[PDB]
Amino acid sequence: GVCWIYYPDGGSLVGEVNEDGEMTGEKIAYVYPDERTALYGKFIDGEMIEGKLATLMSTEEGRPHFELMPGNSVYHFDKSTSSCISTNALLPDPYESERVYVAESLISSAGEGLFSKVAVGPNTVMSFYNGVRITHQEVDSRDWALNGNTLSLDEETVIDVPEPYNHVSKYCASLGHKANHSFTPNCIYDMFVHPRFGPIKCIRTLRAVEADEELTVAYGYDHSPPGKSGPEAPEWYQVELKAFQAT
């Protein structure tokens, strides 16, 4: 027989369980939420040891048939630490590679932005927000110039993409940190359980999005340090809010 285990995010693990009911063997796969792109190979108790890029070609009565992509890119469970963002910082995520790219943002003086490579519908995972894992306290206690890329993961953990990893030449394993802010966003941040990055967030569309459209998310500045005017967000956001409210 064959078991499929679906995560809430749409991704799944599929294969024959061993003598103990564990996802362990040489023919197990993680399948991305597109139900087509796969990481196929050696898993131990659901943990990816050596997954090669594959395509889910067909399914017959729950039994999947995969074809390996040409090449030598192998992926493994490689969860970040407080200091290490990735063992392979320049190894892109293959699902992300087909959906998004980094270019100059169409927003003025907003650096780079994240763009859809293709047309997709609502609720589509486009990009992964991986980074080093730090506490809320450390973020709260340090210089604000250090907190451009600090995304809250849960009540306890923040994912950061600090220097020098905020530059694509130094880090391109995930690209979620390139999406800029909008008050009319076309995406949201959502939870994701990634076979390489582990528990992280992703960028998921809210509506249909056309090819080459900039992907944008509403940032969260409710908990910015209070000033005379309320929570004092970074000044670009303050300006854009005043600008947006005028409409």
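One-based numbering along the sequence shown. Just so we're on the same page, rigid core means the largest C-alpha set that superposes within 1.5 Å between forms.
Here 44-52 and 66-74 are scored by the root mean square distance of their C-alpha atoms in 7 other deposited structures of this protein, with each structure fitted by the rigid core; the higher score goes to 66-74.
The rigid core fit leaves 54-62 as the farther-lying stretch in 7 other deposited structures of this protein, judged by Cα positions and set against 198-206 and 54-62. Compared against other deposited entries of this protein, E232 counts as often unmodelled, lacking coordinates in at least a third of those that resolve the residues around it. Look at the C-alpha B-factors of 58-66 and of 192-200. On average they run higher in 58-66. Here the stretch with the larger average CA B-factor, out of 172-180 and 120-128, is 120-128. In this entry, the residue among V31, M48, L206, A218 with the greatest C-alpha B factor is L206. Among the modelled residues of its chain, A145 has a C-alpha B-factor that falls in the highest third, as given in the PDB entry. Per-chain ranking of the deposited C-alpha B factor places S152 in the lowest third. Compared with the other modelled residues of the chain, the Cα B-factor recorded for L53 ranks in the middle third. Annotation for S82: CA B-factor lies in the middle third of the chain's modelled residues. Among the modelled residues of its chain, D160 has a C-alpha B-factor that falls in the lowest third, as given in the PDB entry.
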